[PDB]
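Descriptive analysis of the structure
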Amino acid sequence: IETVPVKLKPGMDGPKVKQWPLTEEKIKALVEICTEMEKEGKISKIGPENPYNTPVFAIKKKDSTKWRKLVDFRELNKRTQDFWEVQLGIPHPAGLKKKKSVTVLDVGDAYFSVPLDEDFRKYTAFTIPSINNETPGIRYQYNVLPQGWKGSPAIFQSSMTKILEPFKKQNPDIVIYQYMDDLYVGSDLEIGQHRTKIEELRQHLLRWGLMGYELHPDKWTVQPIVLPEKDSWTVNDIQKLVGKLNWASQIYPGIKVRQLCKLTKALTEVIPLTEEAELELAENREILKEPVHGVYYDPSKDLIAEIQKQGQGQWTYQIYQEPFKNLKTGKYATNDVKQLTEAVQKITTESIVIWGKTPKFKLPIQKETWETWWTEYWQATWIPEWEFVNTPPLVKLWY
Amino acid sequence: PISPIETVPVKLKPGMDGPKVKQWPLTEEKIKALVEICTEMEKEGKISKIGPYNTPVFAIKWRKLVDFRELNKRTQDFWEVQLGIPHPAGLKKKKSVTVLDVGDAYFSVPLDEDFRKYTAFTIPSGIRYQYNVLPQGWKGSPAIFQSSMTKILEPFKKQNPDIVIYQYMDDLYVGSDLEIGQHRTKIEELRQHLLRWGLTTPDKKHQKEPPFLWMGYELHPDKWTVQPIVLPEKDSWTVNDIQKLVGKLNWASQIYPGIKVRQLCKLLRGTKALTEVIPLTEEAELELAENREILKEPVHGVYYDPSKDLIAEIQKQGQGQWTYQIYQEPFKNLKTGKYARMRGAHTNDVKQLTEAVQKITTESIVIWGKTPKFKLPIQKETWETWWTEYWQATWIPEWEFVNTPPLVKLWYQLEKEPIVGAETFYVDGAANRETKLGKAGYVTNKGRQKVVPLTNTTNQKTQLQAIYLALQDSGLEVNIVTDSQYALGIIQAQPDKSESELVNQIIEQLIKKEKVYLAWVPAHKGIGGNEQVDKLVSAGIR
Ligand SMILES: CCC(=O)c1ccc(F)c([C@@H]2C[C@@H]2NC(=O)Nc2ccc(Br)cn2)c1O
C-alpha cells in the first residue's frame, strides 16, 4: 500500500540516544530476531552514514520462553508528537474505564505489513552491541512500521477500522480502544460471554493475519488517607495525627484540626478523648474518603505518578498533574526492583485505560540500579517517561 | 591500490554548501614540494586534476597538510566508530596472535563520487585537484574506513569462524587457537583476501607476535598486565607531578589490588599553579609508600573463560574507599578496581557498599556480558535490616558473606516507638534572615530548658544545632521532637559520615546513646510542647 509521509517537529532532529549495554543472553536473542527480520526484509543493515540511534532491549514474551524484541522509542515519539497526537490522533473512549471487563490483546505483529516512508526510515536506526566491544556492532533501520513507535498505530488506524468494522457493527456495546501495540476490549457481559466475545474478535483478526489478560476497571477505587482508629491515643499518636491532618489541609479543603490540635508532656503520656474531637476526627476521615473537590484532569497537561515504598512489599502511589492535587491514588503488594517494575506497569496500564496516556514516573530508586535491572522484569511493549526521586518523609502521610 | 568496494554515500549538513576558503600564498620551497607530492599521488589515482570549491593546503617537515576545518564543519555527522574499547580482562585466552597493519588505510578506499568536488584544493604560484579516496583530516574517514573494512572482512570471517579479528584503526589483530604453523598459513590466506580488495599488508614485518603493547596494556597469549609503571621518587613534587602520579596509579589499579590515592588526591584540592611545589603530608607519604610496595613485584591478570562464573569480592579499606577483585578461579584475578565516589553529603557504609556493587555489576555486563556473584564483608542480617527499613528501593545480585574485616555494619538504630521513662526533648531553632543571628534551644518534660545564641547560621543549622544540644545534655535514652523535616531526613537515613561538621558531631552522640527516638511535628502550629520551646527560641533574634 501507499506509504504515509512522516515529518518531525520542525526544529527537532532525529534521535541520537546511546545503546545501554546488554547481557550475553539478550544479545544472542537479539541477533537471532534481527537476522530473521532481515531475511523477511522488515529491517535492513545500514552504515556509518546514518547518525541516528535508538536503544533496543530483549524482554520475555508474557513470562514465557520466547524472547521478544523491545525498542525504546521514547525519544522518537517525543519528536513526532503532533503527527501521532494531533495530525492522526486516536480518540480515547470515556466509557472504557466504566466497563466491567477489559481484555488487552497484542496486535503489534500487524504493523510489519505496512511499509514506512523511505524518508523516515533513517530515524529508526538501532544498534545491537557486542560483549566487551570486540566487534563493531550491528546497525539496522526499519522498512516497515516499528512497534514501540506511536506513529505506527496512527498510520495503521485506517486498516484497523476496516478490520474491526464487522465485529463492531455486530456488537454495539463492546468498547475497543487502541493504544500503541495493544487493543483494549471492554464489555459489561458476564465473563463467559465476554471471554467468548474476545475469541470471536480474534477470529476476525486471524483473517488479515495481523484468557488473554483481563482487567476489571469498575472494581478500581481510590486508596483513602487513613487515620488510626486507635483506642489509646498517646501524646505521640496524636502528634502524628495532627501532623498528617496538617498535610491533608493544604489538600482536601475542610479538614479541621483546630478542635484537636489543642490537646510539654512526655511522648509516652496517654490522654483523655475529647468531645467534639471525636466528631472532628470522624468528620475529617469522612472526607479524605472522597476525591479532592476541585481537582480535574487537564488533557493538555502531563500526568505524573509518584510511588513510595511502604516497606514489607507494600507500595503506595498517586497520580496527579499538580503536586498534592490527586486524580487517583492506590496501593500495590521479591526483589525491590521487581515489585517496583511490577507496580509501574500496573499504574501505567490503569493510566492508559482511564486517561489514554502514560504518566511520567517519579521513582524512589537509584538511576543506575533501575537502568541495570528494569528490563529484567519488564513485560509491556511501551516504556513510560521516568525520573528518579528521593522520597521525603512523606511516606508516613501515605499519599 | 584503491579497494573496488562500493562507496559510502555522504552529504553535507542541511542548509550548507561546500567550502570556499581562500588559498593563502606559499613560498617556492613549499610550492615545489606540493607539486612533487601531488604528482606522485596523481599517478596512483588518489587525486585528479580538475578545472568552484576550495580548501587550503599547507606543507611542513615534506608532508602535505590539508586544513579541512571548513569542510568538516559542513560535513554531515556519522555514527561513532566505537561505543567503547575492549578490556583485556574480557578477552579469551589465545594460542596464536598476530598484528597486521593496513598499508594506506584511507587512501585505499574510494570516496563517494558525488562528494569529491568538495575536497577540491589548489597549489599556488594555480593547479587544482580533488580527492577520489578518503582524505586524511576529513571527518568521515575513520567511520567510512572502519565500516568498509568490516564489509571486506565478513566474507573471510564466515569462512573462518575459528579466526578472531579485531580492527582498531590502522591495525588488525588476528588471533586463533591454531598452531603457529597453521595459524600463519591462515594469516596469509587473509592478507591475500585483503589484497583482492585493494588493501596491502606486511609480508613478515608483522609487528605480530606478543608480547603486544596496546592501549596502555601489555598482552601475552596467556595473560595481560598494564605497561611498566615507574614512580619518580623526586625530592619535591609539583602539582603537575602529583597529577601524573595519580594517573599512573589509577591506571595500575586495574590489576594491582589495593592501590590507594585518597591522600595524594587530597593535596590537589584548591585551584593551584601547575608548576607549584606541594609538600607531602605524612598520610600522603605513607600512601605513596604503600603503593611503591604494591608496585615492586609484577602482577598479571588472567583471561576470561566463558564457561566459568565470575566471583567479585569487595574489601573495605579506609573510609569511603573500596577495593575489589574479580576472579574465576580463587585468586587468579581477571581484573581489579576501586570505588570511592562520595555521592551525597551524608551516607553510611551500607549505601556505599551498594553503590560499589552497582558499579561492578554494570562494569561486568559491559566486559563479560553477565553479572558476577559477590562475596561481601557484610552480614545477611545487617543487609536485611537495612533493605527493609530504607525508603529507597534497593536490590543487590546474588551474594554471600565473607569474613574479611573491616566488616560492614550500621552504627546505630533509631527506635520506631517512643522510649518510656526517657526524657523528651522538644527542640527548635530560629534565625534572623538579615542579622544571621540565631538561637538553638530545647525544653523537656522534666522542666529543663537551655537556649544558646548562634552567630552566622542558617535556619536549617539552628535546627541541626538544636538537635545536637538535646543529644549532649541527654542521657543514654532520649526522645527528641523536632519540627525540621530537613533534620529528620538526614538522621532518619542513619548516616555514619558527612561533609557537615555539625552532622558528624550529631553522629558521635547518636553512636554513644543506646536508645534514641526522633519525632516530627509542624512548625508554628502551636503544637503542645513545640510552642514552649519556639517561645524562647524565637523571642528576639527572630
Ligand atoms: C594486543 C591487542 C589485541 O590483540 C586485541 C584487543 C582487543 C580485542 F578485542 C581483540 C580480539 C578479541 C580477540 N582477542 C582475544 O580474545 N584474546 C587475546 C589474547 C591474547 C592476545 Br596477545 C590477544 N588477544 C584482540 O586480539
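X-ray crystallography is the method the PDB entry states for this structure, with the resolution given as 2.73 Å.

The PDB entry lists chain B under the name HIV-1 REVERSE TRANSCRIPTASE, with Human immunodeficiency virus 1 given as the organism.

Named according to the PDB entry, chain A is HIV-1 REVERSE TRANSCRIPTASE originating from Human immunodeficiency virus 1.

Side note on the overall build of chain A
Of regular secondary structure, chain A possesses 10 helices and 14 strands. Along the first, second and third principal axes, the C-alpha set of chain A runs to 80 × 55 × 45 Å. Scored against the burial criterion, the 399 residues of chain A give a buried share of 54%. Each charge class in chain A can be summarised by its mean position, and for the 55 positive and 53 negative side chains these summaries are 1 Å apart.

Some points on the pattern of salt bridges
Taken as a whole and judged by the stated rule, the model has 52 salt bridges over all chains. Each of A:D13, A:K16, B:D77 and B:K139 takes part in a single network of salt bridges with overlapping partners.

Topic: the environment of B:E293
Residue and element names in this part refer to chain B. Relative to the helices and strands, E293 is located in helix α7 (residues 282-296). Residue class for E293 comes out partly exposed when judged on its relative accessible area of 45%. In this structure the C-alpha to C-alpha distance between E293 and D496, which are 203 residues apart in sequence, comes to 31 Å.

What to know about the packing of helix α10 (residues 459-472) of chain B against helix α12 (residues 501-512) of chain B
Residue and element names in this part refer to chain B. As a packed pair, α10 and α12 sit with axes 10 Å apart at the nearest point and diverge in direction by 25°. In terms of their interaxial angle, α10 and α12 are classed as roughly parallel. In this structure, α10 crosses over α12, and the sense of that crossing is left-handed. Across the interface between the two elements, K461, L464, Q465, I467, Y468, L471 and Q472 from α10 touch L502, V503, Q505, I506, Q509 and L510 from α12. Of the residues contributing to the contact of α10 with α12, the split by class is 8 nonpolar, 4 polar and 1 charged.

Notes on the site of the ligand
In the vicinity of the ligand there are 16 residues, among which A:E134, B:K92, B:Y166, B:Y173 and B:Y303 approach most closely. The separation between a nitrogen atom of the ligand and a polar main-chain atom of B:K92 is 2.9 Å. Burial of the ligand by the surrounding chains reaches 99%, relative to a free accessible area of 530 Å². Listed by contribution, the elements that provide at least two residues to the shell around the ligand are β7 (164-168) and β9 (212-214) of chain B. Each residue belonging to the shell around the ligand can be placed in one class, and the counts come to 12 nonpolar, 1 polar and 3 charged. Residue assignment places the shell around the ligand across two domains, with domain 2 (82-106 + 142-210) and domain 3 (211-304) of chain B each supplying three or more.

Notes on the sheet that holds strand β8 (residues 171-176) of chain B
Residue and element names in this part refer to chain B. Spatially, the 3 strands line up as an open sheet ordered β4-β8-β7, and their pairing is antiparallel. Both outer strands of the open sheet, β4 (96-101) and β7, are each paired with one neighbouring strand and no more. Taking each pair of neighbouring strands and ignoring which way they run, the sheet shows an average axis angle of 20°. Examined bridge by bridge, β4 and β8 share 6 bridges and lie antiparallel to one another. If you follow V99 over to β8, its bridge partner there is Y173. Here helix α3 (residues 141-159) sits on the sheet and contacts β7 and β8; the angle it forms with β7, its principal contact strand, is near 170°. Along the sheet face, helix α4 (residues 180-195) touches β4, β7 and β8 and points at about 25° away from the line of β4.

Definitions and cut-offs
Along every chain, residue numbers run from 1 in sequence order, not necessarily as the entry numbers them; residues that have no coordinates are omitted. Whichever chain is written first becomes A and whichever ligand is written first becomes 1, with later ones labelled in order. Computation of side-chain values: all heavy atoms of the structure, hydrogens and water removed. Residues with missing side-chain atoms are left out of burial classes, side-chain pairs and their counts. Where helices and strands are cited, they refer to DSSP runs of H or I of at least four residues and of E of at least two residues respectively, numbered from the N terminus. Accessibility here uses a 1.4 Å probe with only protein chains present; expressed as a share of the type maximum, an area under 20% marks a residue as buried, one over 50% as exposed, and anything in between as partly exposed. The charge count treats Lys and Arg as positive and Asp and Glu as negative. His and the chain ends do not count. By convention, the charge on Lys lies at NZ, on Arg at CZ, on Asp at CG and on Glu at CD. A pair is scored as a salt bridge if a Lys or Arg side-chain nitrogen falls within 4 Å of a carboxyl oxygen belonging to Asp or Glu. Geometry is summarised by axes, namely lines fitted to C-alpha atoms with helices restricted to the contacting stretch, and by angles between N-to-C directions that run from 0 to 180 degrees. Any angle that is under 35 degrees is reported as roughly parallel, and any over 145 degrees as roughly antiparallel; angles of 65 to 115 degrees are reported as roughly perpendicular and all others as oblique. Should the near helix be turned counterclockwise from the far one by less than a right angle, the crossing is left-handed, whereas a clockwise turn marks it as right-handed. The contact criterion used is simple: two residues touch if any of their non-hydrogen atoms lie within 4.5 Å. Throughout this entry, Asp, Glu, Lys and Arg are counted as charged residues, while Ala, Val, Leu, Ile, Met, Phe, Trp, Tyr, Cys and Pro are counted as nonpolar. The remaining residues, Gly among them, count as polar. By convention in this text, a residue qualifies as near a molecule or strand provided that one of its non-hydrogen atoms is within 4 Å of it. Pairs of N or O atoms within 3.5 Å make up the polar contacts considered here, provided that, within protein, one atom can donate a hydrogen while the other can accept it, and that residues adjacent in sequence are counted only when both atoms are side-chain atoms. All accessible-area figures derive from a Shrake-Rupley calculation using a 1.4 Å probe, and residue coverage is judged against the displayed protein chains alone. Where each domain begins and ends follows an automated or database-derived domain assignment. Two strands pair under a simple rule: DSSP has to find at least two bridges between them.

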